[PDB]
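Inspection log for the structure reproduced underneath, given as structure tokens.
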Amino acid sequence: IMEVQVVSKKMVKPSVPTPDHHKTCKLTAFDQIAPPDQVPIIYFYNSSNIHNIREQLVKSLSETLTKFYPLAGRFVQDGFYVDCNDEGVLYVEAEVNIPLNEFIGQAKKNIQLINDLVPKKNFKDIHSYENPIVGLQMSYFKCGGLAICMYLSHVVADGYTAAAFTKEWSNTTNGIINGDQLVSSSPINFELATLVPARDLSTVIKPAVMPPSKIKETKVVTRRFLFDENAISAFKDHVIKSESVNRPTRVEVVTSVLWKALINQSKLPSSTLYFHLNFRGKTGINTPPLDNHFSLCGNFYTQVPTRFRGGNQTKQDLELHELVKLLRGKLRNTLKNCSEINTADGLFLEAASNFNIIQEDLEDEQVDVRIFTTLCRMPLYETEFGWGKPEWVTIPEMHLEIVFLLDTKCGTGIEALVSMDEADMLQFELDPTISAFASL
């Protein structure tokens, strides 16, 4: 019964042209090793009941793009920079013939149904001066409910930058609607290339791949698992029982459970699970762009790869607390390393070390590399555009194998959005330790 109809599609440019001194935004070496993907997130909001809501959202987006000007530009391959030509972000307006309260419940069980809310007019990412850096689709449901979907290029921005863009846009809309007294507008800079410029990394970066890993006829599907508060507490007690780690976190236990299931499904004896660690709040340098860590935008993170090595132990002897302790050791070692670095170039060198480790693991017939992105303890459910908090926030169906960790609307549960090959997923969802949490 549900039909989505695109009503408009255009380019939304920043309210004011980008100044001449900012038209070239040079990218960093972090951006060079950033995954060249466009990554989606979608927020669902209940009915505004504001009559000019579409116009005011377009206007607040233009004003936000004034500050996030590189997002309105186009990537140039030769110099590895962003020509901030104000070509604009892709803006899709659609209308769906059903209320929002007859979709979210269905979508939580079958994420595929969100595909008609995600725009894909995008072209080639690294290359293609014609590919827009940001794509937005606003799908208005039958009685005013809103699906805001953002498709952002990881070469220009990381999770922190996407969140800052979202926060600024929502704050601008909220001020435009309810009075400007509710302002929290702090500047963003985009100038980290001063300290780590893009460079030739033929001497710095591991390249790799191998055939048994390169079985490509994969059909990636996505499933949603909800790890509720009571289940997380049970897992925490099951781990503390061992007391080989103290105070396990929600993310630690949920990632350990998912990782054990992935290892049991893997058919390979060793595994490498890597997430992202944001360099911003965890270092002490203050050379110009790092005077204000929370104002700097662009990729500023390191990969954190935890290597489970199955030697002469069986997969049957795998226990939660060992995965927790491996994750904890790797994170602690990375934090200790970050404490002792003097320049931002050294933190790029640490990120490159971890990148090389991940490539070496990708290149082994014995290691299954699994990507994890945790968005938990990020205030996604407090991003307010001026009429209410999000009803739901998730990541739509991915085309690559990945696991996203999100907070639930309230409480301390975790939504795990797992994307993997269908042949693997059909057994994975029936793992007895996680099958009770699958929305299915």
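The chains in the structure tokens are called A, B, ... from first to last as shown; in each chain the residues are counted from 1, and the ligands are counted from 1 in the order shown.
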
| task | With a distance cut-off of 9 Å and only C-alpha atoms, select the neighbouring residues of residue 440 of chain A, excluding the residue or stretch itself and same-chain residues fewer than 5 positions from it, and output the selection as an MDAnalysis selection string. | result | chainID A and resid 108:110 223:225 429

Per residue of segment 183-251 of chain A within 10 Å of segment 283-304 of chain A, note the shortest atom pair and the distance in Å to one decimal, counting only C-alpha atoms, and order the rows by chain and increasing residue number, as a Markdown table.
```
| residue | atom | partner | partner_atom | distance |
| --- | --- | --- | --- | --- |
| A:186 | CA | A:295 | CA | 7.3 |
| A:187 | CA | A:295 | CA | 6.0 |
| A:188 | CA | A:295 | CA | 4.5 |
| A:189 | CA | A:296 | CA | 5.3 |
| A:190 | CA | A:297 | CA | 4.8 |
| A:191 | CA | A:289 | CA | 6.0 |
| A:192 | CA | A:289 | CA | 5.6 |
| A:193 | CA | A:289 | CA | 8.8 |
| A:194 | CA | A:289 | CA | 7.8 |
| A:195 | CA | A:287 | CA | 7.8 |
```

Residues of the last selection are to be written out with N, CA and C atoms, as a PDB file, in the first residue's frame.
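The file below, again06.pdb, is the result:
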```pdb
ATOM      1  N   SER A 186      28.403  27.752  17.656  1.00  0.00           N
ATOM      2  CA  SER A 186      29.848  27.801  17.821  1.00  0.00           C
ATOM      3  C   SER A 186      30.512  27.541  16.471  1.00  0.00           C
ATOM      4  N   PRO A 187      31.635  28.189  16.170  1.00  0.00           N
ATOM      5  CA  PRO A 187      32.202  28.082  14.823  1.00  0.00           C
ATOM      6  C   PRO A 187      32.814  26.721  14.543  1.00  0.00           C
ATOM      7  N   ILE A 188      32.974  26.466  13.250  1.00  0.00           N
ATOM      8  CA  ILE A 188      33.654  25.298  12.717  1.00  0.00           C
ATOM      9  C   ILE A 188      34.702  25.817  11.746  1.00  0.00           C
ATOM     10  N   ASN A 189      35.810  25.087  11.617  1.00  0.00           N
ATOM     11  CA  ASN A 189      36.978  25.685  10.975  1.00  0.00           C
ATOM     12  C   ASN A 189      37.393  24.956   9.698  1.00  0.00           C
ATOM     13  N   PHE A 190      37.619  23.636   9.725  1.00  0.00           N
ATOM     14  CA  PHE A 190      37.977  22.857   8.525  1.00  0.00           C
ATOM     15  C   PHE A 190      39.394  23.170   8.034  1.00  0.00           C
ATOM     16  N   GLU A 191      40.352  23.337   8.948  1.00  0.00           N
ATOM     17  CA  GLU A 191      41.680  23.795   8.548  1.00  0.00           C
ATOM     18  C   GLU A 191      42.794  22.920   9.110  1.00  0.00           C
ATOM     19  N   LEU A 192      42.532  21.624   9.273  1.00  0.00           N
ATOM     20  CA  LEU A 192      43.529  20.721   9.837  1.00  0.00           C
ATOM     21  C   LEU A 192      44.631  20.380   8.842  1.00  0.00           C
ATOM     22  N   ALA A 193      44.419  20.662   7.561  1.00  0.00           N
ATOM     23  CA  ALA A 193      45.460  20.444   6.565  1.00  0.00           C
ATOM     24  C   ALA A 193      46.699  21.310   6.800  1.00  0.00           C
ATOM     25  N   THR A 194      46.595  22.355   7.627  1.00  0.00           N
ATOM     26  CA  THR A 194      47.776  23.131   7.992  1.00  0.00           C
ATOM     27  C   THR A 194      48.814  22.262   8.694  1.00  0.00           C
ATOM     28  N   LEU A 195      48.368  21.347   9.556  1.00  0.00           N
ATOM     29  CA  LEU A 195      49.272  20.545  10.375  1.00  0.00           C
ATOM     30  C   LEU A 195      49.571  19.174   9.785  1.00  0.00           C
TER      31      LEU A 195
END
```

| request: Give the strand (DSSP E) residues of segment 36-226 of chain A, as DSSP finds them on the backbone, and put them as JSON, numbers by chain. | output: {"A": [38, 39, 40, 41, 42, 43, 44, 45, 74, 75, 76, 81, 82, 83, 89, 90, 91, 92, 93, 94, 95, 96, 134, 135, 136, 137, 138, 139, 140, 146, 147, 148, 149, 150, 151, 152, 153, 220, 221, 222, 223, 224, 225, 226]}

| said: Applying 6 Å and only C-alpha atoms, which residues near segment 31-37 of chain A remain after dropping the ones on its own chain fewer than 4 positions away? List them as a ChimeraX atom specification. | reply: /A:153-155,299

| If you count only C-alpha atoms, which residues fall within 8 Å of residue 146 of chain A, apart from same-chain ones fewer than 3 positions away, as a list in words? | residues 44, 45, 46, 47, 100, 138, 139, 140 and 141 of chain A

| Could you pull the residues within 12 Å of residue 217 of chain A, counting only C-alpha atoms, minus those fewer than 4 positions along the same chain, as a PyMOL selection string? | chain A and resi 213+421-423

Please write the residues from the selection above to a file, keeping N, CA, C and O atoms, as an mmCIF file, in the first residue's frame.
```cif
data_model
loop_
_atom_site.group_PDB
_atom_site.id
_atom_site.type_symbol
_atom_site.label_atom_id
_atom_site.label_comp_id
_atom_site.auth_asym_id
_atom_site.auth_seq_id
_atom_site.Cartn_x
_atom_site.Cartn_y
_atom_site.Cartn_z
ATOM 1 N N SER A 213 39.149 -14.506 0.225
ATOM 2 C CA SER A 213 38.387 -13.381 0.748
ATOM 3 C C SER A 213 37.619 -12.672 -0.356
ATOM 4 O O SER A 213 36.563 -12.080 -0.095
ATOM 5 N N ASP A 421 26.523 -10.743 4.416
ATOM 6 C CA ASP A 421 26.049 -11.537 3.290
ATOM 7 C C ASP A 421 24.855 -12.386 3.699
ATOM 8 O O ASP A 421 24.801 -12.917 4.810
ATOM 9 N N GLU A 422 23.896 -12.514 2.781
ATOM 10 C CA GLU A 422 22.621 -13.148 3.105
ATOM 11 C C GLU A 422 22.806 -14.598 3.538
ATOM 12 O O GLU A 422 22.170 -15.052 4.499
ATOM 13 N N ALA A 423 23.676 -15.338 2.844
ATOM 14 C CA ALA A 423 23.937 -16.725 3.216
ATOM 15 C C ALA A 423 24.480 -16.820 4.634
ATOM 16 O O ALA A 423 24.140 -17.748 5.379
#
```
